[PDB]
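For reference, the structure discussed in these notes is given below.
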Amino acid sequence: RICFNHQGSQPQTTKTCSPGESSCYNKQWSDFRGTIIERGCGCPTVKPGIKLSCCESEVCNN
């Protein structure tokens with residue numbers, strides 16, 4: 001599994017996940033500086049106030 005791992009709308013970067021990892025994620029929140037969109041391998045646990053979107057296909061998290 002390969003997932004995008006770039007922040008926001010910056011140029012796209014990819015990450016090859018650990019063997020057996022089938023998911024990619026897109027996490028979004030806002031802080032005092034602006035809106036943050038992070039991407040990576042896996043499907044991390046839901047923390048309060050964070051928007052999380054997980055998918056299970058190649059580079060599915062743009």
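Each chain of the structure tokens is named A, B, ... in the order shown, its residues numbered from 1; ligands are numbered from 1 in display order.
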
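Running DSSP on the backbone and keeping only strand (DSSP E or B), the residues of chain A that qualify are residues 2, 3, 4, 14, 15, 16, 24, 25, 26, 27, 28, 29, 30, 31, 34, 35, 36, 37, 38, 39, 40, 41, 51, 52, 53, 54 and 55 of chain A.
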
Just the residues within 8 Å of residue A:42, please, counting only C-alpha atoms, with nothing from its chain fewer than 6 positions along; format it as a PyMOL selection string.
chain A and resi 17+21-25+54

Output C-alpha atoms of each residue in that selection to a file, as a short mmCIF file (atom, residue, chain, number, x, y, z; two decimals), in the first residue's frame.
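Generated output (out-v8.cif):
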```cif
data_model
loop_
_atom_site.label_atom_id
_atom_site.label_comp_id
_atom_site.auth_asym_id
_atom_site.auth_seq_id
_atom_site.Cartn_x
_atom_site.Cartn_y
_atom_site.Cartn_z
CA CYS A 17 3.34 1.65 4.18
CA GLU A 21 -1.07 -2.00 6.31
CA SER A 22 -4.12 -1.55 4.07
CA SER A 23 -5.35 1.92 4.96
CA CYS A 24 -4.44 5.55 4.25
CA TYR A 25 -5.85 8.52 6.13
CA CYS A 54 -9.79 6.57 6.15
#
```

Give me the residues near residue A:53 as a PyMOL selection string, where near means some atom within 10 Å (using only C-alpha atoms) and where sequence neighbours in that chain fewer than 4 positions away do not count.
chain A and resi 24-28+39+43-44+46+61

May I have the residues from that selection written out with N, CA and C atoms, as a compact mmCIF listing (two decimals), in the first residue's frame?
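Heads up, here's the output in again.txt:
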```
# COMPACT_ATOMS: atom_id res chain seq x y z
N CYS A 24 -5.07 4.24 4.39
CA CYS A 24 -4.44 5.55 4.25
C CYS A 24 -5.42 6.46 4.97
N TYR A 25 -4.95 7.61 5.44
CA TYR A 25 -5.85 8.52 6.13
C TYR A 25 -5.66 9.96 5.69
N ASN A 26 -6.68 10.76 5.99
CA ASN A 26 -6.68 12.20 5.73
C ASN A 26 -7.32 12.76 7.01
N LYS A 27 -6.53 13.53 7.74
CA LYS A 27 -6.91 14.11 9.03
C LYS A 27 -6.94 15.63 8.88
N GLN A 28 -7.96 16.27 9.44
CA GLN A 28 -8.08 17.72 9.33
C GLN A 28 -8.54 18.37 10.62
N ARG A 39 -1.88 13.76 5.91
CA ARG A 39 -2.12 12.49 5.23
C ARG A 39 -1.05 11.48 5.57
N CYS A 43 -4.86 4.10 9.77
CA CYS A 43 -6.11 4.75 10.12
C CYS A 43 -6.03 4.93 11.62
N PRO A 44 -5.40 6.02 12.07
CA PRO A 44 -5.21 6.35 13.48
C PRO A 44 -6.50 6.52 14.27
N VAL A 46 -9.42 8.10 16.56
CA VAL A 46 -10.16 9.35 16.63
C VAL A 46 -9.90 10.12 17.93
N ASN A 61 -6.03 8.79 -0.41
CA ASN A 61 -6.21 9.89 0.53
C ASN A 61 -5.85 11.32 0.11
```

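With only C-alpha atoms as the atoms that count, the residue of A:13, A:32, A:47, A:19 with the shortest distance to residue A:59 is A:13.
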
Might you pull out every residue within 12 Å of residue A:20, with only C-alpha atoms counted and same-chain residues fewer than 4 positions away left off, and present them as number ranges by chain?
A: 1-2, 16, 41-42, 56

Residue among A:58, A:50, A:4, A:45 lying closest to residue A:31, counting only C-alpha atoms:
A:50

Report, in Å with one decimal, the straight-line distance from atom CA of residue A:36 to atom CA of residue A:7.
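For atom CA of residue A:36 relative to atom CA of residue A:7, the distance reads 7.3 Å.
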
Leaving out residue A:6 and any residue of its chain fewer than 2 positions from it, which residues lie within 10 Å of it when counting only C-alpha atoms, given as a compact mmCIF listing (two decimals) with N, CA and C atoms, in the first residue's frame?
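Generated output (result14.txt):
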```txt
# COMPACT_ATOMS: atom_id res chain seq x y z
N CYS A 3 0.48 5.50 0.13
CA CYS A 3 -0.46 6.55 0.47
C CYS A 3 0.19 7.88 0.25
N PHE A 4 -0.61 8.92 0.04
CA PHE A 4 -0.03 10.25 -0.08
C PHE A 4 0.32 10.63 1.36
N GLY A 8 -1.76 19.64 3.42
CA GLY A 8 -2.53 20.59 2.63
C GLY A 8 -2.54 20.39 1.13
N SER A 9 -2.33 21.49 0.41
CA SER A 9 -2.33 21.46 -1.05
C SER A 9 -0.92 21.62 -1.61
N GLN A 10 0.07 21.23 -0.80
CA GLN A 10 1.47 21.28 -1.19
C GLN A 10 1.70 20.18 -2.24
N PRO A 11 2.85 20.23 -2.96
CA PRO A 11 3.16 19.21 -3.98
C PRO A 11 3.01 17.82 -3.35
N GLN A 12 2.53 16.89 -4.10
CA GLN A 12 2.20 15.55 -3.60
C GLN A 12 3.46 14.70 -3.35
N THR A 13 3.45 14.06 -2.19
CA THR A 13 4.52 13.14 -1.78
C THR A 13 3.83 11.83 -1.40
N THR A 14 4.54 10.74 -1.55
CA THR A 14 3.97 9.44 -1.23
C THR A 14 4.81 8.70 -0.19
N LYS A 15 4.19 7.73 0.46
CA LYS A 15 4.83 6.93 1.48
C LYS A 15 4.41 5.47 1.28
N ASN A 26 -6.68 10.76 5.99
CA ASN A 26 -6.68 12.20 5.73
C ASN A 26 -7.32 12.76 7.01
N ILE A 37 -4.32 19.90 7.03
CA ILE A 37 -4.76 18.64 6.43
C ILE A 37 -3.52 17.75 6.39
N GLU A 38 -3.53 16.66 7.15
CA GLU A 38 -2.41 15.74 7.17
C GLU A 38 -2.82 14.43 6.56
N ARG A 39 -1.88 13.76 5.91
CA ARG A 39 -2.12 12.49 5.23
C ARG A 39 -1.05 11.48 5.57
N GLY A 40 -1.40 10.20 5.54
CA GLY A 40 -0.41 9.18 5.83
C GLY A 40 -0.95 7.77 5.74
N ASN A 61 -6.03 8.79 -0.41
CA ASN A 61 -6.21 9.89 0.53
C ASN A 61 -5.85 11.32 0.11
N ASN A 62 -5.91 11.62 -1.18
CA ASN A 62 -5.59 12.98 -1.62
C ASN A 62 -6.72 13.89 -1.14
```
